[PDB]
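Just the one chain here, the form solved without its partner chain, laid out as structure tokens.
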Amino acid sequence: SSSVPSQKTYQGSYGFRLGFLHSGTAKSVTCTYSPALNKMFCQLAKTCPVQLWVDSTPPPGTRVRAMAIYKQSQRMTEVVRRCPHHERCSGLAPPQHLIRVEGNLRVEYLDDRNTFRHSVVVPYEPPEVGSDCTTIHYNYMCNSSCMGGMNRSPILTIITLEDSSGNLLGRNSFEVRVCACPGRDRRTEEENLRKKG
């Protein structure tokens, strides 16, 4: 069986979608999201808020898993891991894991025994009784350019909503560039899309 997890969007019967905060115009804004490119540009180790939107209320015990995969065919079959430098200069998160969660008391970090892929899971909590979404705070512990890790290869983060029995209820994904200057780099990429895409 394949060790490449699926990345296909499956908004599913709960109408699961992700949302992202608007950000300021700064060259080096800490986290910014491009809707045109479905891509988050963010700094390493800094907070990246991701909203979970649903139309119907998931069952008790639903879980939210995040996993990184390389976006291009060239590396899709390789596990995305933290580079040796940021592993050394590393809480609960194992030091080889790229994605950490902040702000949650029931995070689990998983290393798949068969595929060796890392993921990090938190309980699904429904929005607070006005809010329309639930926010989870992720961090990415390397820049996309880290040699010996991502090494300039783009990743997708895949966010799956799973029930406690393991059924896939919903799946969404977004591309990530972890970088020193998220505002510069988002604008560059959007302009490249318009000119050459």
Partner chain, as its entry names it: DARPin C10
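Residue numbers count along the first chain shown, from 1.
Unmodelled residues of the deposited sequence between residue 90 and residue 91: 1 to 3. On average the C-alpha atoms of 19 to 27 have higher B-factors than those of the other stretch, with 181 to 189 and 19 to 27 being the two compared.
On average the C-alpha atoms of 123 to 131 have higher B-factors than those of the other stretch, with 123 to 131 and 104 to 112 being the two compared. When the modelled residues of the chain are ordered by C-alpha B-factor, residue 38 sits in the lowest third. When the modelled residues of the chain are ordered by C-alpha B-factor, residue 151 sits in the middle third. For residue 167, the recorded CA B-factor ranks within the highest third of the chain. Only modelled residues enter the ranking. In the PDB entry, residue 97 places in the lowest third of its chain by CA B-factor. Looking at the C-alpha B-factors along this chain, the one for residue 11 belongs to the highest third.
In what follows, reference is made to the form deposited with its partner chain bound, a form of this protein that is not presented.
The closest heavy atom approach of residue 40 to its partner chain in the deposited complex falls outside 4.5 Å. Residue contact check for residue 54: one or more of its heavy atoms lie within 4.5 Å of its partner chain in the deposited complex. Residues from 19 to 37 that approach its partner chain in the deposited complex with a non-hydrogen atom closer than or equal to 4.5 Å are 19, 20, 22, 33, 35, in the order they occur in the chain.
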